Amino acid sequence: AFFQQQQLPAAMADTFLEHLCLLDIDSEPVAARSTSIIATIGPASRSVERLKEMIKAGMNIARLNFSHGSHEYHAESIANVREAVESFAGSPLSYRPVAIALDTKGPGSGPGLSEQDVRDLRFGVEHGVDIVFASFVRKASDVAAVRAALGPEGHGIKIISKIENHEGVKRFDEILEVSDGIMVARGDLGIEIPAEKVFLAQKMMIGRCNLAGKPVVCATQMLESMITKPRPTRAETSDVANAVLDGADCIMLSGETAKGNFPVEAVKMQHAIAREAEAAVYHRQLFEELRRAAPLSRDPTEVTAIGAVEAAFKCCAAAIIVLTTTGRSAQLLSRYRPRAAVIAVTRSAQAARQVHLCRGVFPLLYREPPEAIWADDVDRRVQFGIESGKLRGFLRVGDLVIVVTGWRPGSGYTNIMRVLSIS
């Protein structure tokens, strides 16, 4: 029964053609949904009660579109999101962190960072946003300007550069090099370049981000018809599935959740499609290619990450449990696209929110009492991941897990991988 579920016959195929031939509509997905859902907050999704339904449906990142609404409007949206998120904090083994992303208005006709963007970025730092989706990034200096406007207090905010025009596509490599990740902003991109070429830019950018090990978001009109209709079109479900098969870390909803009549249903639909698409991923070729393309490294976190993903595939590990302060150890595991869920146990609430940008990372916020012996504290965070995993359905007694830790406290010292039997 285990080998009939999650497209395992198609996963064992020796060629991609045979993999497609073995895809089965009766093979049910078992693993947790890896691709994060970004939902744009607006009139249709602003209430605390509606936001609780969206968190339960699968929303991982709340997007604030600063093209519309005042600072007072967005502060209320943030407070409502935080209230809905913290309503589930009473059960720590099942609490789901939710990131808050600020999407900038953009430069418009201006040459650099607009004055409104400087004010909105400052607002973001003051309100503790986790991510910035920087509109119309055309070159590396645009990213440096966004970074500078965040100041010394916004050092930890992730900058996701939105590629929306020909210049952004042509200067992609220099933009990705200085950014934390990319958003394929298909709405403007589809007007700036011929509509029939957007798929080439999406597939290229996702590929280059996967190669770089940096998050990539597929955005705009994924389930457009769901703004007025309860069910999407056949092109829309195919688009969501293909963004996941392309290698996107995140999928987004704009009008579908901000102003549409079915915001919760749009989130449920993206969740349902993503789980199906993630099981249909051809890991045999994907891992081989990612593994071959990733350069040789003398960084112990990078070295441990490859060893752990290889070990997870060898035993069909249910999960890779990793201790992370900044999210980096979980991100380095995520770049190899393991089938095993990457359960990231962290004390940082911000890192827990931000790792939703990395596919297959399931953040757990550690709020249990400290142990006096560092080694004892480490084993406690590990047993915590195992209890949250059992509660959420990721793990069962008898499963094997790969545990990734470091040799001393503080970020940057991950160097250990262990094979553990559950219970």
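Take the two forms, find the largest set of C-alpha atoms that superpose within 1.5 Å, and that set is the rigid core. Numbering starts at 1 and runs along the sequence shown.
A.B. asks: Please work out whether 377-385 or 364-372 has the higher root mean square C-alpha deviation in 9 other deposited structures of this protein relative to the shown form, with the rigid core as fitting region?
C.D. replies: Between 377-385 and 364-372, greater C-alpha deviation in 9 other deposited structures of this protein belongs to 364-372.
A.B. asks: May I ask which stretch, 171-179 or 93-101, sits farther from the shown form in 9 other deposited structures of this protein once every structure is superposed on the core, judging by RMS CA distance?
C.D. replies: Clearly, after the core fit, the stretch farther away in 9 other deposited structures of this protein is 93-101.
A.B. asks: Once you work out the mean C-alpha B-factor for both 109-117 and 341-349 from the entry, which is higher?
C.D. replies: Stretch with the higher mean C-alpha B-factor: 109-117.
A.B. asks: Hey, which bit's got the bigger mean C-alpha B factor in the entry, 66-74 or 35-43?
C.D. replies: Averaged over C-alpha atoms, the B-factors run higher in 66-74.
A.B. asks: Between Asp180, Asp249, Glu302, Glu86, which one tops the list for C-alpha B-factor in the PDB entry?
C.D. replies: Answer, based on the entry's C-alpha B-factors: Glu86.
A.B. asks: Using the temperature factors in the entry, find which of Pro92, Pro194, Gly327, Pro215 has the highest value at its Cα atom.
C.D. replies: Across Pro92, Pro194, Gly327, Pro215, the entry lists the biggest C-alpha B-factor for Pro92.
A.B. asks: Check where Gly393 lands among this chain's C-alpha B-factors and tell me if it's the lowest, middle or highest third.
C.D. replies: CA B-factor rank for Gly393: highest third.
A.B. asks: By the recorded C-alpha temperature factor, relative to the other modelled residues in its chain, which third is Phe313 in?
C.D. replies: Tercile = lowest for this residue's CA B-factor.
A.B. asks: Taking the C-alpha B-factors as the PDB entry records them, is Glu164 in the lowest, middle or highest third of its chain?
C.D. replies: Ranked within chain, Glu164 CA B lands in the middle tercile.
A.B. asks: Would the CA B-factor of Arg50 place it in the lowest, middle or highest third of its chain?
C.D. replies: Highest third, going by the recorded CA B-factors of the chain.
A.B. asks: Going by the entry, which third of its chain does the Cα temperature factor of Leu8 land in?
C.D. replies: According to the entry, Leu8 has a C-alpha B-factor in the chain's highest third.
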